[PDB]
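First up is the structure itself, then whatever we jot down about it.
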Ligand SMILES: [Mn+2]
Ligand SMILES: [Mn+2]
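Residue numbers (the deposited numbering), protein chains in the order written: chain A, -1 to 263; chain B, 4 to 263.
Next up, the structure:
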């Protein structure tokens, strides 16, 4: 529902659409809580803090008319955003941290790739170029400047931290893209970024590939972005959704937790 | 079926017809921290520590840990934050209907007045005069109070502006708050200061009318905004989604504004 000029303004129409219910708002964010799975690296590396929250007052002696908390966590805690500075191949880009990235990049279209049935039968399942090209045969070309949201239904494991991280003696076993798929998405489709439901955009076992963690290496290496621990991807269409993903303005931040929202029309 | 608005929005952003404005202050240890009388619980200042920096602690990556409060820097005030809004359903940042995280805004410029009086008060007459000039304030819209107070951010003492008789920062009167809520049905109130209420309103017989009445009416607040000088009087669209902190009374957030 828009105006009657050849090239009108969109924001009035947008506001009215959201109010009417023509455009819905979907929450793709997990809840920040002390029970949320915390990533653990081998002991030789520095570790991220888990989410901790402590009450300051609760309408009581400490604060008779108000209630509020202090909290602590890591940049890469829960539903969060990966800036290019996070990886060594993206260290030297000008606007590569969450406080310097051009604000325009915090809003973008998205496509959703559903592989939940495949991951249900293989926790190490790999997203391939062949699979992506078959997707386009059904839903059309992946548009340049769009998020690629990898739906795996992995978010349903959030109640079980052991199941969510899914770690064995040889590391984490989680699904992810092949190097060729990452190269194709960047070079042939010029995507905005890569979004997952897991605690890693890369496949867990890709630490041992010739080029370790290809998604982190190549996406950040090409000044692109990442999203992690997304949920409710099953409520999104294959294409047409619009993502609101603005990270905290942390000085020199390599990433931050954020409230990821999807607009659906 | 066939969408019409969202493709136009994406296209407009890509072509440059629609601009994105960052209304957010940078989170850093040097940013002014809210301070209360010593008998009350205090909010933690923003601190940050490196985990690794492409070194032995993490050969190919860089990342930090950090700690702060829900009410640090540019942040979002939820109705559960105040005792009058504690009983509303969906009153915390994890339970508020997500539809409330996007809303239009009006921008009321009082920079000229505040520059001559640090304790300047937003009154009903000023708002009604504003409407005669820029139209009626629409229901469900943010009321963004421009004071250019954000320019004081480099000086913590000047930003908080506390003297022996409390803080001296601009804000609305009780009548103004009641009017905006009861007669216009606004979405919430947003300011460039660390307080949506006037600093001296702590001593008013009805202390902190904005916090008390706005949250008491299941409405919201934004603190420590900036770049309000780049927004039109009306027509701006605000993106303000708070962190999904479990039972959170608020959170820091990235506040954006779409302008065309
Ligand atoms: Mn991350
Ligand atoms: Mn606050």
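Think of the CB as a built atom: it goes at the ideal place given N, C-alpha and C, for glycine as much as any other residue.
Please list the residues of the region 104 to 125 of chain B that have a C-beta atom closer than 9 Å to any C-beta atom in chain A, keeping them in chain order.
104, 105, 106 and 107
So which of B:56, B:38 and B:129 has the shortest CA-CA distance to residue 46 of chain B?
Nearest of B:56, B:38 and B:129 to residue 46 of chain B, Cα basis: B:38.
Would the beta-carbon of residue 137 of chain A be found less than 7 Å away from any heavy atom of ligand 1?
It does not: the Cβ of residue 137 of chain A is nowhere closer than 7 Å to a heavy atom of ligand 1.
Quick one: residues in its chain with C-beta nearer than 8 Å to the C-beta of residue 50 of chain A, no 5 flanking neighbours on either side, listed in chain order?
32, 69, 70 and 71
Are three or more beta carbon pairs between the region 145 to 153 of chain B and the region 97 to 115 of chain B nearer than 8 Å?
yes
Please find out if some non-hydrogen atom of ligand 1 comes closer than 7 Å to the beta-carbon of residue 74 of chain A.
Yes, the beta carbon of residue 74 of chain A sits closer than 7 Å to at least one heavy atom of ligand 1.
Counting only Cβ pairs nearer than 9 Å, list the residues of chain B close to residue 93 of chain A.
Correct list: empty, because the minimum Cβ distance to chain B is about 12 Å.
Would you mind telling me which residues of chain B sit closer than 7 Å to residue 276 of chain A, beta carbon to beta carbon, in chain order?
Shown here, chain A extends from -1 to 263; a query on residue 276 of chain A therefore has no answer.
Integer-rounded CB distance, given that residue 105 of chain A should sit under 8 Å from residue 242 of chain A
6 Å
Assuming residue 111 of chain A is part of the beta strand (DSSP E), what are its boundary residues?
105 to 112
Anything in chain B within Cβ reach of residue 255 of chain A, meaning under 7 Å, just list it in chain order.
246
Is residue 56 of chain A close to ligand 2? I mean its beta-carbon at under 7 Å from any heavy atom of the ligand.
no
Closer than 7 Å to a non-hydrogen atom of ligand 3 - does that hold for the CB of residue 218 of chain B?
Ligand 3 is not among the ligands present in this structure, which contains only ligand 1 and ligand 2.
Taking residue 207 of chain A as the reference, which of A:229, A:22 and A:177 has the closest Cα?
A:177
Restricting to Cα atoms, I'd like to know which of A:190, A:234, A:102 and A:123 is closest to residue 142 of chain A.
A:190
Contact set between residue 72 of chain B and chain A, taken where Cβ atoms lie within less than 8 Å
54, 66, 67, 68 and 69
Please report whether the beta-carbon of residue 251 of chain A lies at a distance below 8 Å from any beta-carbon of chain B.
yes
Looking only at DSSP bridge pairs, what is residue 344 of chain A linked to?
With chain A covering -1 to 263 only, the question about residue 344 of chain A has no answer from this structure.
Report yes or no: is there a C-beta of chain A within less than 8 Å of the C-beta of residue 41 of chain B?
Answer no: the Cβ-Cβ gap between residue 41 of chain B and chain A never drops below 8 Å.
Interface residues of the region 162 to 189 of chain B facing chain A [CB-CB below 7 Å]
none
I'd like to know whether the C-beta of residue 146 of chain B is nearer than 8 Å to at least one C-beta of chain A.
At least 8 Å separates the CB of residue 146 of chain B from every CB of chain A.
Report the rounded CA-to-CA distance for residue 28 of chain A versus residue 202 of chain A, giving the unit in angstroms.
21 Å
Name, please, each residue of chain A whose Cβ falls closer than 8 Å to the Cβ of residue 90 of chain B.
Going along chain A, no residue has its Cβ under 8 Å from residue 90 of chain B, so there is no contact; the nearest lies around 11 Å.
Measuring straight from C-alpha to C-alpha, what distance separates residue 92 of chain B and residue 48 of chain B?
30 Å
Below 7 Å on C-beta distance, what does residue 238 of chain A contact in chain B?
6 and 9
Considering Cα atoms alone, identify which of A:9, A:196 and A:123 is closest to residue 23 of chain B.
Sorting A:9, A:196 and A:123 by C-alpha distance to the C-alpha of residue 23 of chain B places A:9 at the top.
Would you decide whether residue 134 of chain A is buried or exposed? Buried here means 16 or more other CB atoms lie within 10 Å of its CB.
The C-beta of residue 134 of chain A has fewer than 16 other C-beta atoms within 10 Å across all chains shown, which makes the residue exposed.
Taking 7 Å as the cut-off, is the beta-carbon of residue 44 of chain B closer than that to any non-hydrogen atom of ligand 2?
No.
I'd like to confirm something about residue 151 of chain A: is its beta-carbon nearer than 7 Å to some heavy atom of ligand 1, or not?
no
What's the C-alpha gap between residue 193 of chain A and residue 227 of chain B?
31 Å
DSSP on residue 46 of chain A, reduced to helix/strand/coil?
In the three-state scheme derived from DSSP, where H, G and I count as helix and E and B as strand, residue 46 of chain A is classed as coil.
Please confirm whether residue 21 of chain B has its beta-carbon closer than 8 Å to some beta-carbon of chain A.
yes
Under 8 Å: do the region 211 to 225 of chain B and the region 75 to 86 of chain B share three or more Cβ pairs, one atom per stretch?
yes
Helix, strand or coil at residue 163 of chain A according to DSSP, with G and I counted as helix
helix
Closer than 9 Å at the beta carbon, the chain B residues around residue 48 of chain A
Ordered by position in chain B, no residue passes the 9 Å Cβ test against residue 48 of chain A, which lies about 10 Å from the chain.
Secondary structure of residue 116 of chain B, DSSP reduced to three states:
helix
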